[PDB]
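Shown next as C-alpha cells: one chain only, the form deposited in one PDB entry.
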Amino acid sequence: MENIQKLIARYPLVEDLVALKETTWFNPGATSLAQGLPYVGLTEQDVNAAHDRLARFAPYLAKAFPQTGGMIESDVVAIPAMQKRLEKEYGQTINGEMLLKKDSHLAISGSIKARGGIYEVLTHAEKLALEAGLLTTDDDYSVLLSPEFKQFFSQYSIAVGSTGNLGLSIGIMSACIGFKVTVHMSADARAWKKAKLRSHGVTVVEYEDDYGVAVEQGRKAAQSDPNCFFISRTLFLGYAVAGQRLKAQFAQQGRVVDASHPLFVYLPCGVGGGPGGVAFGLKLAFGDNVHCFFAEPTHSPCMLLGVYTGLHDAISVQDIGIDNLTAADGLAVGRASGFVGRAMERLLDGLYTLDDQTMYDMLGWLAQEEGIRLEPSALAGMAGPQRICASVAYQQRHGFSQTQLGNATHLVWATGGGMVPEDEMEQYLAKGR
C-alpha cells in the first residue's frame, strides 16, 4: 500500500528511487579486504582452483572454439575520445584515465554471462568425466573431443531456465561438450538467440504462458532423472576469474594499481551474480586499491534498494511501485540476490542509477567516439566515472588526494552487445546523438 512512505521516512533516498530520479549512493560501510573477506565465504584458493580448472581446459577450448591460449577473454581498451565527449556533454571533469573492459566481445555469447556459464558447464563436465574414470587432472583435456567422450556425455543432460545470455552461454558450451541440452525460454526472448542455440544442436523450449512454473516444473521433472543436471557459488567463482586476468592485462600494458594509482571499476548489475563475482575477483587481485561500484537502471534499482535499506531480498522494486521496465533488458531484475548483497556490501564503494536516455546517449557517443558498438545494458558503467569525480565527500572519506585522482584508472565494464544483429543495433542508435 501507500506504506512506501514509511520506508521513505526511514530511508530518504528511497524517495529518489521512486521518482525514477538518477541517484548515486556512497556506502559508509565500505571496508578493507581483510574486514570484508569473512562475509563472502570464498577464499583466494577457491578462486585459484577455478583458474586451474580453466587452464586444464585450455587445450580443449582452443580446438573446440578456433577463436578461443585456449582462453575466453576480452580486450581492455583506452577510451580517451569517449572520455572528453562525456566531459563536454555533462560538464564534469573525469580525472585520470578512462578504460573499457569489453566483456561484450567474449566468445560464444558476447556477454559477461559467458564467464559464469562456461565455467559452470565445464566444472560439471569435468566432474562427470573424473568420476566415470575416463579422465584424471593430469590428462591433456583435448581427450574430451574423442568419440568415446562424446558418447559418454550424450548419456547425460543439462537443463537451464534462463531466457538471457546465460542460457545462451550454457546451451552452446553444454552442446559442444556433447550433453543433451534443453534451454527453457520464454517466447519473449530475441529470435536470434533461439536460432544460435538451435544452430548448435541445443533443444529450445518456449513458453508464452507462465515462464516460472514451466521453469520450476522442468526443475522437478529433472530431479527424477539422475542424469539430468538443472541450472550460485560456481557461477560466482566463474566471474571471479576476471580479477587476475585483468591484473595480468595491466602488467602487460605497464599499468600500475597502487594507493597512488587507484583503480575504479563500474559494473552493470541485474540480480548481482555477474558484477558481484567480478568485484570479488578484483578485490583479491588489487586489494583496497580497487574501488568497485554497481550500476542499475532507474527503473530497476534492486541491489541499491536492498543494500541501502539493509533489507536485501526482503524487498523488490515492484513493492515500492517501480515498474521494472527498461531498455536495459538484462538489468531489469526486480529483486536482488540476497547472497551477493550480504557477501559483497562491505566491498562496494557505492551503487548508482542512470535512466534510459543516459544509456542511449552514451551508447551513440561511444560508437561515434571509439567505433565500439554496444547495447544499453552495457552503458550502465559508463556514467560512473563522473559520479565519482564529482563527489568531494566520497573523495575525502576515502582519503583520495587530487594527484591520486589524477593518476586514477576508471574502468567501465562492458557486459554485452558484441553479438547484437545489425537491425537491433540500428534500433539502439536511433535514440540519442
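In this text, the rigid core denotes the largest set of C-alpha atoms whose superposition between the two forms falls within 1.5 Å. For every residue, the number given is its place in the sequence shown, counted from 1.
The following text describes the form deposited in another entry, which does not appear among the structures shown.
Original post:
Which residue, chosen from 339, 211, 308, 360, moves its CA by 2 Å or more between this form and the one not shown under a rigid core superposition?
Top reply: Comparing both forms, the shifted residue turns out to be 211.
**OP:** Could you tell me whether the Cα atom of residue 224 shifts by at least 2 Å between this form and the one not shown after core superposition?
**Re:** Moves: yes, 2 Å or greater.
Original post:
Does residue 401 count as moved between this form and the one not shown, where moved means a C-alpha shift of 2 angstroms or more after fitting the rigid core?
Top reply: Yes.
Subject >> Cα displacement of residue 272 between this form and the one not shown reaching 2 Å, rigid core superposed >> reply: No, because once the rigid core is superposed, the C-alpha of residue 272 moves less than 2 Å between this form and the one not shown.
**OP:** Regarding residue 216 and residue 271, go with closer or farther for their CA spacing in that other deposited form versus this form, the difference being 3 Å or more.
**Re:** Relative to this form, closer in that other deposited form.
**OP:** Using the form shown as baseline, tell whether residue 333 and residue 202 are closer or farther in Cα-Cα distance in that other deposited form, where the change reaches 3 Å or more.
**Re:** So the answer is closer.
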